[PDB]
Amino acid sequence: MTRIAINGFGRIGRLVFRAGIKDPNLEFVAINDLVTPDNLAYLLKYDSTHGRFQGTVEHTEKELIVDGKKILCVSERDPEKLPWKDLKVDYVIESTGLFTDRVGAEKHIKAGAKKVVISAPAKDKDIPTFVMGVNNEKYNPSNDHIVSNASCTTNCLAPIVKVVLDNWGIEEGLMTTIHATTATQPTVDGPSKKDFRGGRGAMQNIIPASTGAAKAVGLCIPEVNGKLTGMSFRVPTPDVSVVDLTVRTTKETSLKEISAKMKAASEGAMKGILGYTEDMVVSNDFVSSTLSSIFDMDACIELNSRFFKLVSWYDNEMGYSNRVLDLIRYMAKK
């Protein structure tokens, strides 16, 4: 049984917990956040986006009790003061958003944790980044003790890029994500030290945003390094995002051939990772989807035999959370 601790019981932390408490192979031993177990228990059972927790939730002054299983609840701002050694934590899910650099994420290993999974792109280039179904086989159990699971957008874009790249090559690519609002944005216009637009009211605006997903894809798919960039527009929805990839391929092809390969990948080497649809879907048709990427056949367009606009959905919350579990399960086995 693999022992897991969660640092940051937020949107991602609670969703990895919800997805993982079902697995007998996993054991969640601790949750760390800046609030009491009462509020953690409330946020676990009630979810404005993914519905009520399908199970029993209780709490003590010192723990949550989920389906009878006891999980320790601690509240320490500094990860170094966490009891990871006493709980002998194998994996710590770093999902606070505040320790995406190595010096901060190294604090969990100092506390006694064996492996640290950062649920976000790393700020340092020396932390390996993995996307399940793209480059997770490059993981080194003997050396990679702090890893990154990339971004929700990277996890959506990289599988699409991989199928296109494998079959027709990519000369150039520009991506746009139309992304759901997240917790980093305020409800009304407010301060924002390093991105002024990011402080504008998320309920009111379409908001241009930077994304690192494109080059992060360059990390996971080196063959596309230097050939893709991207940006983002935050829109006033609470969850589910979509990627629009304009691609110039090397070989001539058509949308029918691309769709054939996407469908094949979704049924084969990327089943459970890449999804495929021909239906007239809109974003809420993917609420609580566990897939990283859902290729939208009807929304795609072809300018000509080498220029395409490919569209893929993702639940930026639920899909990433399940990938976080998938990566841990992989690391534990291999």
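All residue numbers are counted from 1 along the displayed sequence.
Taking only CA atoms, the mean B-factor in the PDB entry is higher for 31-39 than for the other of 294-302 and 31-39.
Higher mean CA temperature factor, per the PDB entry, when comparing 306-314 with 15-23: 15-23.
Based on the entry's C-alpha B-factors, the most elevated value among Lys162, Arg102, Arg234, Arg197 belongs to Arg102.
Taking only the listed residues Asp47, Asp285, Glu278, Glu58, the entry reports the highest CA temperature factor at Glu58. Among the modelled residues of its chain, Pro208 has a C-alpha B-factor that falls in the lowest third, as given in the PDB entry. For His145, the recorded CA B-factor ranks within the highest third of the chain. Only modelled residues enter the ranking. Among all modelled residues in its chain, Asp189 ranks in the lowest third by Cα B-factor.
Ranked by Cα temperature factor within the chain, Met132 sits in the middle third according to the deposited record. Split the chain's modelled residues into thirds by C-alpha temperature factor. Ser289 is in the lowest one.
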